[PDB]
Every structure is written in structure tokens, then in C-alpha cells.
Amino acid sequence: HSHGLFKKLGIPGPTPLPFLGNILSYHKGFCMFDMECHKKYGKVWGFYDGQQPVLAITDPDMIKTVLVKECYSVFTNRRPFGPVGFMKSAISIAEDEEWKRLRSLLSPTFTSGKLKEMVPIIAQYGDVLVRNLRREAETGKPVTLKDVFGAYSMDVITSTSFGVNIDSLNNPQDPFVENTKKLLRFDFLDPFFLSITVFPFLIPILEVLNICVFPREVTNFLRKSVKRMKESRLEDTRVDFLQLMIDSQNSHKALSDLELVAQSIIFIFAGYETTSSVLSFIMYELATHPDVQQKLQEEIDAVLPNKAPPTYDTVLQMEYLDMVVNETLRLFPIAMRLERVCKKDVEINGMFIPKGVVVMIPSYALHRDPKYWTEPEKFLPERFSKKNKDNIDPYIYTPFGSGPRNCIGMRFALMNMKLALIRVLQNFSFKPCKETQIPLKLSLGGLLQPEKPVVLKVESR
């Protein structure tokens, strides 16, 4: 019924099929589909996810208008993605006045001052990582980076969100470690999410059946655990994401007990695989380019002599490490996309955007577009050198998004990732094993993950 919207506005795009739109074009994934449409349609094109029209914009000025300028007025919320249950109070899922209240009451939790107080806690499990890394290195066999980084990210999440101190690699039995290990990213091209994308009318049916997109067993366990910790913390009468929220609940509007639980889980969901996935991507690019690995290891030793422990100020000093992280995020933006919902009829940069249309920014396509990048398929971390760090457009390179709805944990994630990278590199060096796919291929699903898990030879330095 709504498949003729983009034709009447003179907007190019793939011709849609009845009842499906262009979901069949997802056979290569969102990343490949967006890049092909960028080459075959220019700067602005459109497509349909079932009956939902999606407009893709690549003009940096338009991206600025959608994400920053007209964010509060028009482009405020993301598209609904399925039955959420009580998790509708999550900040990433909240909409309109609920989101603005929640972000205002949660912004101080991610301050630079509070982050400097969280560095020592994250540093403790960096030493835990190298201990398990040494045993894996002494074996003489290749090591999958997803598991060692997942154990590290899980350890950081448990100690930052709560007061739980666990070695996940050697103790995969605590209830925190078990349930949280199932908090993986959403494959939006799997049979379930594909079915709800074509059948959005089934989302309310799933909600009334108490069928939540998140595992119900994990959510109920975590909610009860917070209730146990909230009472136990009172009996003990701190640097915790929970404690910072508790210190805000007692002193816009207030924050509810169920809201605090919902935001606590979303932090785990936002950090478990995302941190580990980027860490695996970073180490793979260092192994195949040892010149970058050598210079980064030399820079780490210069700022931190004699294998010194990292500090908040020292992490921000290391420049080449920031270049490695940024360039890897350019090649692999694990979000792959940025989406906003147009809540009203509006014209942006001389273009009419009707209400209800989802506006999408192809982060992966822009990050590998030749117009803004030279040899985009190569791992050249020098693109972000201080002299060359200004030529890049901040709205073509959006790994953490932009505007008031960007990643609220960008500073925490960058510090957590960099703290791990300093410790592992100054003690270990990584070489490509035989099982490593030198031309590593990306998965064809809804996740920006490699086709095969990255395996790399590891040795003591």
C-alpha cells in the first residue's frame, strides 16, 4: 500500500516486491547492500523493509540536520525492533520525553571525572587477562580472540555495573557469568527479526504473550540480583554504575527501581560483545600489519616504561593507540547503520521527509567510500594523524554516532578497550597462525563479525 512513496518523490532505489519490499536484497547483509546502493544511486536513495520506507542520506549537512540540528524536534527516536516488555524503559529503547529524562538523569554517570575513578577497577582485570593469556600462549596453539576478550569484557562489566569480582575464564559457573554470556547482539537478518520486520503487526501479539526479545530468564535473574544488591549495599553502607544511579535516585523527575534495573542490563548488552568484537578486530589488523603493532608497542613502552600500569592521563597521552582504534572502527563500524524516525512532515536541506519514514545513515558505506578516503580497503592508521585528523568529516565517520543520541558510553568503551590494548601488547606479541584467514571475510548476516572466528598465534615478549 505504501510501496509507491519513494517513486512519487523522485527518489531512486531498488524496485520493491509485494509484501516484502527489498528484504531479499539482504542476501549479502546490510553492509554490502548499502554500499551497492551508494554506487548505483548516488547520494540519496530509498528502500523498503517490508512496508516500512527507509531513506538513506549521505550528505554531511543532512546527517548533521538529522542527528544534531533537528534531533529534538523531528528525528528523536529509533525504529521499534520487536517486543521489548519491561525493557521499554531502556535509554536506547526509550522515546521522546522518557528518553530525554533518562539521559539527563544518566549523563553524570559517564563523566570524565567518574571515568577516571573507574580506571583502577578496569585495570585489575587487565592483569587478569594477561594471566589467562600466558597459559594460552604457553600451549603453543592458536588462540581465539573472541573468547579471551569476551572474558575480559564480562569481567569489566560485572565490576563496573556491580560489585561482583569474577574471573570468567576460570569460573564460568557464577550466575552472573552464565546469564550475561547469553546477552549477545541481535542478528536482524535471522528468521525471527526478518519475520517481524515484514510482519510488524505481530509485535503487539508477541508483547501480550509476554514474549520478550531479551531472554526472560536472564532479565528476571538480573532484576532480582539488583534487588538483592540494593538491600545488601544498604546493610553494608563506592564506584559502580549501580551505585551512581542509587546516589541519583535518592537525590526533571525521579528514577524508578524498575527503570534502574532496565538501564543496568542495557549497559551489559551494550558492552559485552561490542567491546570484545572490536578488540578482536583490532588485534587481527595488528597481526597482519606488524609495522603498526611494533610502533604501537614502542609507543606504549615510551609512555609506560618498564611495563608500567596504565593511568587515565597516560591513556589519553598515547596518540598512536588512538589512531589504531579509530582506523579499525572505520573499517568495522559494528553498528553498520544509524537510524532515526521522522515524527512529522519536515524539509531538510531542500528535501521533503514525510512523517513515518526511517532515515538511515550508512556508516559502513561512508567509512569505505572513496570520495572521503584514500585506499579505503587498506589498514592505514596514519589517516588520523594530528595533521590529517582534521581533513576527515566528523559526520562521514560516525562510529559512535553523533548528536544528543550518540553512544553515551563512548568514553568508557574507548578507555576500556585502550586499557586492555596497553596491557596485552606490552607483554605479548601476536602473529598470524595458519588457520587465520589473511583476507578475512565479513559475515552475511545482521552482525558486523568475521566469517570465521579470528585465531592468532600468541607468544611472550
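Between two forms, the rigid core is the largest collection of C-alphas that superpose within 1.5 Å. Throughout, we count residues from 1 along the sequence that is shown.
Root-mean-square C-alpha deviation from the shown form, taken over all structures in 6 other deposited structures of this protein superposed by the rigid core, is larger for 221-229 than for the alternative among 221-229 and 286-294. Choosing between 209-217 and 322-330, the greater Cα displacement from the shown form in 6 other deposited structures of this protein, fitted by the core, goes with 209-217. In the comparison with other entries of the same protein, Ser276 is given coordinates in all of those covering both sides of it, so it never reaches the one-third threshold. For the cut-off of one third of the other compared entries, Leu234 qualifies: that many or more give it no coordinates while modelling its flanks. Coordinates are given for every residue of the deposited sequence from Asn306 through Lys307, so that no gap is recorded there. Unmodelled residues of the deposited sequence between neighbouring positions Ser251 and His252 number 4 to 9. When the C-alpha B-factors of 266-274 and 253-261 are averaged, 253-261 comes out higher.
The PDB entry reports B-factors from which the mean C-alpha value can be compared for 381-389 and 136-144; the larger average falls on 136-144. Going by the entry's values, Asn179 shows the largest Cα B-factor out of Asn179, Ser363, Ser280, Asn326. Residue-level temperature factors show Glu299 in the lowest third of its chain, judged at the C-alpha atom. In the deposited entry, the Cα temperature factor of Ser443 places it in the middle third of its chain's modelled residues. The deposited CA B-factor of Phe162 belongs to the highest third of values across its chain. The PDB entry assigns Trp99 a C-alpha temperature factor belonging to the middle third of its chain's modelled residues. Among the modelled residues of the chain, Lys371 sits in the highest third by CA temperature factor in this PDB entry.
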